[PDB]
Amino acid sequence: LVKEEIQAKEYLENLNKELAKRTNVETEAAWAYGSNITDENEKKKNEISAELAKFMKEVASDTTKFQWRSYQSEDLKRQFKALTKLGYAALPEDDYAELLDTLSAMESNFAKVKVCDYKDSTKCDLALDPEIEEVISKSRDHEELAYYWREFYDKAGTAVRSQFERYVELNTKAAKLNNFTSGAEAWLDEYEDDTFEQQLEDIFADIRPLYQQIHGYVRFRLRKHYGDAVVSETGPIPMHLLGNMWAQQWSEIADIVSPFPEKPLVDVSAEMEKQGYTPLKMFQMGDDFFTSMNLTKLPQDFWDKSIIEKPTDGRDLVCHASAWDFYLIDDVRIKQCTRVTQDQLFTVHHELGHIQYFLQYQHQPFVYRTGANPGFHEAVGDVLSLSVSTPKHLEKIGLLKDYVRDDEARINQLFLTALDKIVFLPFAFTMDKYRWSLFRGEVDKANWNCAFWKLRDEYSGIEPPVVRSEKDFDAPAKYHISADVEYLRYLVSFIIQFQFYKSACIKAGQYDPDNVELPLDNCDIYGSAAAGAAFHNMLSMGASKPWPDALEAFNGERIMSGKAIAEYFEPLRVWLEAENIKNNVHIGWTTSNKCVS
């Protein structure tokens, strides 16, 4: 048993190196398909996966030759635990292959969607990224908005109903083979905490009132713009008017809903263009930010192998921005169809946060080369993006000119941040509440579409621009739903990124609550080695410890908390509550009529 724990350590040392290498090969094939969708690359990705799944199955089986639960070392027990978790790889060989073909079908459908120009039904090569997204973010013609919404959702959503259904059945069977109740519990296992769901319910209910105030004010402002025929006072907001295809963030309509329209509203897109920014510049600036904090510089493989602009050769590819770890040394990459905008600048930093995490933990053993939990991975880049979005940072890099930071410009910037950060929370909760409710069997197949729009109404108070029914199937019109990417990570990120940002700001000397000149919402952590250090301590851990331990490394705390995100927005809350009362703004909404059962 002592003898045995010593051999086990050697077994792990060696098997970890082998999984890195086999995964490397699967990652390269996935990369090739995602950057160039073809039948041939599909076949290749899916065959290499099939093979890696088969080997994982043998590894799981050989775990039972070791008395690992009897061992002394927490660390060895943790690695063995992690090797027992097969996920889809637990499926019979044939079911696994079917599942991969189902996943390919959906993701490739999403990526190849094209629609006809509203103004020209002969031009039929408009893609979400960038053509349809540009209209949704910029047009204030409600009818054009509605048209693109229907065209998109009909092709990206409804077209893959039968595929989505088989995926739920196979996902459910895979979870049961791992002895989880459903896919919901399989995802939740990543957070290592039996009360996790409850914890988020608690946090969500504490911020909901702020969301409802924001919702109410936006609805008021949209009525003055579009008039009462297009937006009602008491009903859900028509989602097509909120500047995003899924209404997940509303910051693209800030110019019509901002508190003080005569005071400055930060939008540096136009200046980025005026100064000749490219994608390459944007990523080099993101690099600069990380190295400024004494973190690790992008390696050369990054620059040689990343794809940072949409190919011009008319190939099909997944443009949904992503970051990739190849599981060797220093081979990390981003695939981003980058455009020169303010919000793409933030995305660049978002993505490079994943890359940094990968570089920070690449000396760990294979099974620890992932986030402390999924939410940690998503948060890293957003802590930087927070800084980058500040007027402070933006004047430093010359993108924001002639800005005066009076009380009214502060409220504008606060609100603008809230349109991305508070608004998102209900949206993000719903993506997984929906999927969970299907995975767990709580909704009947006859009710699957209206169950989606029900959640969206109940939690976000938004609805489709047109009537939908069980003849439509709208959920897979969101990337992550079509691609089988758990979404809760993003809700977790949006809470915990404030815990990290506040703590990083304190460490940098950029925030003191008792000093009016260092308010949280204008903290820049650029150049702070103090913040950098705290990051290094947490990120270098990988998944070597449960996530509270990784948090504790960063700032000493162990609990996921809503206190920070509220502390950030508290000045907005005060003002906004008062402004809604001042203007007699109706808060809340009636039940949507847009989904017919």
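The numbering used is simple: start at 1 and walk along the sequence shown.
Which wins on mean Cα temperature factor, 315-323 or 476-484?
Looking at the recorded C-alpha B-factors, 315-323 comes out higher on average.
Is the mean CA B factor in the deposited entry higher across 177-185 or across 271-279?
Comparing 177-185 with 271-279, the higher average CA B-factor belongs to 271-279.
Residue, from 239, 518, 422, 160, that the PDB entry assigns the highest Cα B-factor
If I rank 239, 518, 422, 160 by C-alpha B-factor, first place goes to 518.
Sort 465, 381, 375, 513 by C-alpha B-factor from the entry and give me just the highest.
Most elevated C-alpha B-factor of the set, per the entry: 513.
Sort the modelled residues of this chain by their C-alpha B factor and say whether residue 569 lands in the lowest, middle or highest third.
Highest third.
Mind checking which third residue 212 falls in for C-alpha B-factor across the chain?
For residue 212, whose C-alpha B-factor we compare with every modelled residue in the chain, the answer is the lowest third.
By the record's CA B-factor, is residue 151 among the lowest, middle or highest third of residues in the chain?
Middle third - that is where residue 151 ends up once the chain's C-alpha B-factors are sorted.
Quick check for you: using the entry's CA B-factors within this chain, is residue 60 in the lowest, middle or highest third?
Its C-alpha B-factor belongs to the highest third of this chain's values.
Could you place residue 66 in the lowest, middle or highest third of its chain by Cα temperature factor, using the values in the record?
For residue 66, whose C-alpha B-factor we compare with every modelled residue in the chain, the answer is the highest third.
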